[PDB]
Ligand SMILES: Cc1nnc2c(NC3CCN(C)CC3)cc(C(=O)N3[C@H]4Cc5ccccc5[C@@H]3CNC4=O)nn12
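Encoded as structure tokens, the following chain is the form deposited without this ligand, with no partner shown.
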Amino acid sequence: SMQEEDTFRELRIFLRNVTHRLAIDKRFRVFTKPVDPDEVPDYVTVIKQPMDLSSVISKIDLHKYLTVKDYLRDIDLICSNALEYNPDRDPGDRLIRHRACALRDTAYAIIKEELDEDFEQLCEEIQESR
């Protein structure tokens, strides 16, 4: 229905704004771009399911997210991939991991304060109906 297409558009607008807020934060610059296979040839090796904020924006625009839960799964990937790829005690690794965790925490905190639970519940019920 028109009504359900309105709901999914509202969700895309919501997720675009949250993603843009994360992308413009100087802490999260490393996460805004896919990992360059020159720079890092072994990444696209052991990181099976790469994810970055430009990919998240492309997925919004292609209607791949029907719920905030699906979106947060991709945010969780950005964090768990950073944790997996950069596990060393060296400050370089520790800094990426802290920034990855901060990205994840910020996304969850924005959604906690700004997403209406009844809005998410509606998205979930339309998603399940298909």
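Numbers follow the displayed sequence, beginning with 1.
Chemist: Take the C-alpha B-factors listed in the entry for 98-106 and for 38-46, compute each mean, and give the stretch with the larger one.
Modeler: For C-alpha atoms only, the mean B-factor is higher in 38-46.
Chemist: So, looking at the entry's B-factor column for Cα atoms, which has the higher mean, 52-60 or 28-36?
Modeler: According to the entry, 28-36 carries the higher average C-alpha B-factor.
Chemist: Which third of the chain does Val68 land in by C-alpha B-factor: lowest, middle or highest?
Modeler: Tercile = lowest for this residue's CA B-factor.
Chemist: Where does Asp76 sit by CA temperature factor within its chain: lowest, middle or highest third?
Modeler: It belongs to the lowest third of the chain when residues are ordered by C-alpha B-factor.
Quick note: we don't show the form deposited with this ligand bound, though the next part is all about it.
Chemist: Though the partner is not shown here, which residues of 19-33 have a heavy atom within 4.5 Å of this ligand in the deposited bound form?
Modeler: Contacting residues: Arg29, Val30, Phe31, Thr32, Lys33.
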